[PDB]
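Participant: One line per chain: the protein sequences are A and B, in this order. Take the first sequence: its letter number 212 is residue 198 in the numbering used here, and every next letter is one higher. One rule links them: number in the numbering used here = place in the second sequence (from 1) + 128. Where is the CB? At the ideal position from N, CA and C, for every residue including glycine.
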Amino acid sequence: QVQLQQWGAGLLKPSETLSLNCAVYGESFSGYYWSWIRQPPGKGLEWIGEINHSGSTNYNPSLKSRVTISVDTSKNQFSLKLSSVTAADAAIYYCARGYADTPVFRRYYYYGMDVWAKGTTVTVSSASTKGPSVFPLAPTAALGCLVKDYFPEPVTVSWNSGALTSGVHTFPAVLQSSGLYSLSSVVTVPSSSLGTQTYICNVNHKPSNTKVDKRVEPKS
Amino acid sequence: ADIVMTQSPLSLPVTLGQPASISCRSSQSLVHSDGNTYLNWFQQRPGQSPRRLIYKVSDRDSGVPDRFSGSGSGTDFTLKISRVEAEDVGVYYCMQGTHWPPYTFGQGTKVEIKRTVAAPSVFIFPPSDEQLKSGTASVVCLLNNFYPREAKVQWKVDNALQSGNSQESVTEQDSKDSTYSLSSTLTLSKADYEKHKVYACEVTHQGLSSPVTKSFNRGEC
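Structural data, given as structure tokens:
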């Protein structure tokens, strides 16, 4: 069974060149095309291009001017470069084994986008790393924590150091116009316990070494 | 020009143990000159890569459960699940490999669990004093554990309808109760925030006979 291993930098800034690579293990490097495909946030799949061991290529016409796909047969590896990136290029990128590269094998052999690597999430932004601010959402009652203005993903949120899990909803981050992310984590709790139970959200943002515990209680 | 692949429906509520089917239509014939019809079906889960399930219309990939089957011809195709299991939720794509470059995909069909209608519990949260003294106000409206997913949230500030200044986020369907939750965030400058009194979040949902409203008055509790 063909396995694919994928690596490359997923965080970059506008105008820079995206550079991803994949390595093939488990079967021959010959006989099929090796391809790149992407998936923009909350949208479908877009085939980018392909190459085979002999270096013949096919490219998506909408991207041909900015895409270069290359191969290195001695290591059984192939690569993608996408220049002048912009926000529109933001997506999860996958390398994948395509179709057989000759007509007779293409007609009878099962190959065709049947093996996929793990995806690399690509973000294209001018933003610099910034830890989040954590604000309370004061109070079946509901309460939570607003985790605002951080970069890049991800943050993690727990409640009472993991001891509270039931009824927790931690929402997907939205990317704000400032280019920074924001999210809320909420939990529903019995109103009768509000005065005798302590609720703390634990917020971690690794790139900025941010570790915040914010206690959330009723106001005045 | 690209071959346009059109899937329907966009979202399919399914019932465990019952059949499901989804449609894929191409803008022109997928019959290749070599006689094959290169139409593939994929399943994708959140956080995971696409997994090919069916190829050349009806060939089933190795290790793929036989409750999946593919059929159709020319420009009209169908993926069928004979008896839906919980792990079959996710997004399904079709893909044509007859005309290239480029290969092209459908825009996906979301498969989710059907359940009885459930109205959202609605909560509104005023900005914190901490946030306010930093020059910005975030007002948050929460819709908790509702179904179906469709819901409308409108912000009214002193009865003036807002638009362009809020953002929503929605959780994945709950694995245990099959509901969704939703948060809507209204963002205002501290200045604009203090120019008004009544902050209200109005929720429309199938489970609510009439729109439910939650509000607060700035500076009062």
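Please list the terminal residues of the continuous beta strand (DSSP E) segment that includes A/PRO89.
Facilitator: Position 103 of the first sequence, counting from 1, holds the residue named residue 89 of chain A. From DSSP, A/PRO89 is part of no beta strand (DSSP E) but of the alpha helix (DSSP H) over 89 to 94.
Participant: With C-beta atoms as the reference, is B/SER343 less than 8 Å away from B/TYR321?
Facilitator: If you number the second sequence from 1, residue 343 of chain B lands on position 215. If you number the second sequence from 1, residue 321 of chain B lands on position 193. In this structure, B/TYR321 does not lie closer than 8 Å to B/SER343 by Cβ.
Participant: Closer than 7 Å by beta-carbon distance: list the chain A residues that pair up with B/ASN164, in chain order.
Facilitator: The residue labelled residue 164 of chain B in the question sits at position 36 within the second sequence. In chain order: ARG93.
Participant: Put B/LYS318 into one of helix, strand or coil per three-state DSSP.
Facilitator: Your numbering for residue 318 of chain B matches position 190 in the second sequence. The DSSP-derived three-state label of B/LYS318 is helix.
Participant: Output needed in chain order: residues of the region 262 to 289 of chain B with a Cβ under 9 Å from some Cβ in chain A.
Facilitator: Taking a C-beta cut-off of 9 Å against chain A, the contacting residues of the region 262 to 289 of chain B are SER262, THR264, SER266, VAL268, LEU270, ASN272, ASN273, listed in chain order.
Participant: Among the residues of its own chain, which have a CB less than 7 Å from the CB of A/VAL(-12), if the five just before and after it don't count?
Facilitator: In the first sequence, counting from the first residue as 1, residue -12 of chain A sits at position 2. So the list reads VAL10, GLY12, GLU13, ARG83, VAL101, once near-sequence residues are dropped.
Participant: So for B/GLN259, helix, strand or coil by DSSP?
Facilitator: Walking along the second sequence from the start, residue 259 of chain B turns up at place 131. In the structure shown, B/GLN259 sits in a helix (DSSP, three-state: H, G or I).
Participant: Starting from B/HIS160, follow the beta strand (DSSP E) in both directions and report where the run begins and ends.
Facilitator: Counting from 1 along the second sequence, the entry for residue 160 of chain B is found at position 32. Unbroken run through B/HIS160: none, as it is neither H nor E.
Participant: List the residues of chain A whose Cβ lies closer than 8 Å to the Cβ of B/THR226, in chain order.
Facilitator: Counted from its first residue, the second sequence places residue 226 of chain B at position 98. Under the 8 Å cutoff, chain A gives no residues; its nearest Cβ is about 11 Å from B/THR226.
Participant: Buried or exposed for B/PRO248, please, with buried defined as at least 16 other CB atoms from any protein chain shown within 10 angstroms of its CB.
Facilitator: Within the second sequence, residue 248 of chain B is the residue found at index 120, counting from 1. That one is buried.
Participant: Are there three or more Cβ pairs, one per stretch, closer than 8 Å when the region 216 to 224 of chain B is compared with the region 233 to 252 of chain B?
Facilitator: With a cut-off of 8 Å on Cβ pairs, the region 216 to 224 of chain B is in contact with the region 233 to 252 of chain B, counting three or more such pairs.
Participant: How is A/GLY148 classed by DSSP in three states: helix, strand or coil?
Facilitator: Indexing the first sequence from 1 puts residue 148 of chain A at position 162. Here A/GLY148 sits in helix by DSSP.
Participant: Does any residue of chain A have a CB that is nearer than 8 Å to the CB of B/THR307?
Facilitator: The count along the second sequence starts at 1 and reaches residue 307 of chain B at position 179. B/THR307 does not count as touching chain A.
Participant: Please confirm if B/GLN295 has its CB atom under 8 Å from at least one CB of chain A.
Facilitator: In the second sequence, residue 295 of chain B corresponds to position 167, counting from 1. Yes - at least one Cβ of chain A is within 8 Å of the one on B/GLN295.
Participant: Any beta-carbon of chain B closer than 8 Å to the one on A/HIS191?
Facilitator: Counted from its first residue, the first sequence places residue 191 of chain A at position 205. Put simply, the CB of A/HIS191 is far from chain B, with every gap to its CB atoms at 8 Å or more.
Participant: Does B/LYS325 pass the burial test, meaning 16 or more other C-beta atoms within 10 Å, or should it be called exposed?
Facilitator: Indexing the second sequence from 1 puts residue 325 of chain B at position 197. B/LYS325 is exposed by the Cβ-count criterion.
Participant: Would you please state the rounded distance, in angstroms, between the beta carbons of B/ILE182 and B/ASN168? I believe it to be under 8 Å.
Facilitator: On the second sequence, position 54 is the one that residue 182 of chain B refers to. On the second sequence, position 40 is the one that residue 168 of chain B refers to. Yes, B/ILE182 and B/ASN168 are in contact; Cβ-Cβ is about 6 Å, under 8 Å.
Participant: From the DSSP output, which residues share a beta bridge with A/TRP102?
Facilitator: Residue numbering aside, residue 102 of chain A sits at position 116 when the first sequence is read from its first letter. Answer is A/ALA82.
Participant: Is B/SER311 closer than 8 Å to A/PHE137 when the C-beta atoms are compared?
Facilitator: Numbered from its first residue, the first sequence carries residue 137 of chain A at position 151. Numbered from its first residue, the second sequence carries residue 311 of chain B at position 183. Result no, Cβ atoms of A/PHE137 and B/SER311 do not sit closer than 8 Å.
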